[PDB]
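Coordinate inspection notes
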Amino acid sequence: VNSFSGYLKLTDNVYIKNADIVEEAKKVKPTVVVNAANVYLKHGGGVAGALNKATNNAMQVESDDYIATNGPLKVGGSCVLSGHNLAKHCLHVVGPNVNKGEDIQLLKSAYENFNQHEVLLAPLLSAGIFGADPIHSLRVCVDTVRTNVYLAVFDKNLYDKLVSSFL
Ligand SMILES: Nc1cnc2ccccc2c1
């Protein structure tokens, strides 16, 4: 049993809810929250900006030190950093950004990072401002992630379309 409430069950391991991931993280304090990161860990907008704002910029300060030491992530890659006030850990995952011309085949590699964690609170990778089709992102999630994933969708209209269209 876990603390996640109000989710619709899509598969054995994938759950979905219309929710603000920031407000969900604050309530649950999950072991892992996933950030929709870029390779520079520059958290300016979208999920990254919303989570960073909720940490009072502490996520960005930590991230800048990580990049100064290690250099940029790979598209499809990840790193584990602090969850600050939101979670124990934040898994920063880089999905391909279609608005930068990145290979959408890298979305499966991105979701494979989730398999290193038994339970996660996450957004749909590459969806929203990353420019991918969220329906596609949910299909790749279900077909790639084997661990237990609780997906938060910010848009109510999109949530209803994701559920209604789910095969
Ligand atoms: N409170 C907010 C604001 N913006 C967001 C943008 C993308 C995903 C979630 C968000 C949550």
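Helix and strand counts for the protein chain stand at 6 helices and 7 strands. Secondary structure elements in the protein chain, listed N-terminal to C-terminal, are β-β-α-β-α-α-β-β-α-β-α-β-α. Its C-alpha atoms give the protein chain a radius of gyration of 15 Å, within 12% of the compact-globule value 15 Å for 167 residues. Dimensions of the protein chain, computed from the C-alpha atoms along their principal axes, are close to 45 × 35 × 30 Å. Put simply, of all contacts in the protein chain between residues at least 6 apart along the chain, 67% involve residues at least 24 apart.

Every residue near the ligand is listed here: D20, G46, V47, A50 and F154. The side chain of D20 places a nitrogen or oxygen atom 3.1 Å from a nitrogen atom of the ligand. Contact with the protein chains hides 63% of the accessible area of the ligand, taken as 290 Å² for the molecule alone. Of the residues contributing to the shell around the ligand, the split by class is 3 nonpolar, 1 polar and 1 charged.

Okay, helix α1 (residues 21–28) next. For α1, the N-terminal cap is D20; the gap from its side-chain oxygen to the backbone nitrogen of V22 is 3.0 Å. Looking one or two places after α1, you find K29, whose phi comes out positive at around 55 degrees.

So, on to the pattern of salt bridges. Evaluation of the coordinates by the stated rule reveals 4 salt bridges. Residue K26 is joined to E23 by a salt bridge in which the shortest nitrogen-to-oxygen separation is 3.1 Å. Placement of the pair is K26 and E23 together in helix α1, with a separation of 3 residues, close to one helical turn. Overall, the relative accessible area of 42% leaves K26 in the partly exposed class. Here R139 makes a salt bridge to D143, at a shortest N to O gap of 3.0 Å. Here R139 and its partner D143 are both found in helix α5 (residues 134–144), 4 residues apart, which amounts to about one turn of the helix. Overall, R139 belongs to the partly exposed group, its relative accessible area being 28%.

Right, let's talk about the side chain of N113 for a bit. Inspection of the secondary structure assignment puts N113 in the loop between α4 (106–112) and β6 (119–122). For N113, a relative accessible area of 16% translates into the label buried. Polar contacts involving the side chain of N113 include one to the main-chain carbonyl oxygen of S109, which spans 3.4 Å. For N113, the side chain forms a polar contact with the main-chain oxygen of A110, separated by 2.9 Å. If sequence neighbours within four positions are ignored, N113 has contacts with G76, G77, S78, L91 and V93.

Definitions and cut-offs
Residues numbered from 1 in each chain as written, not as in the entry; some residues may be left out. Heavy atoms only, no water. Residues with missing side-chain atoms left out of burial classes, pairs and counts. Helix = DSSP H or I, 4+ residues; strand = E, 2+ residues; numbered from the N terminus. Rg over C-alpha atoms; globule rule 2.2 N^0.38 Å. Contact = heavy atoms within 4.5 Å. Near = heavy atom within 4 Å. Polar contact = N/O pair within 3.5 Å; in protein donor to acceptor, adjacent residues only side chain to side chain. Areas by Shrake-Rupley, 256 points an atom, 1.4 Å probe, with all protein chains shown as cover. Nonpolar A, V, L, I, M, F, W, Y, C, P; charged D, E, K, R; others polar. Salt bridge = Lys/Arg side-chain N within 4 Å of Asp/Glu carboxyl O. Buried < 20%, exposed > 50% of the residue type's maximum accessible area, 1.4 Å probe, protein only.

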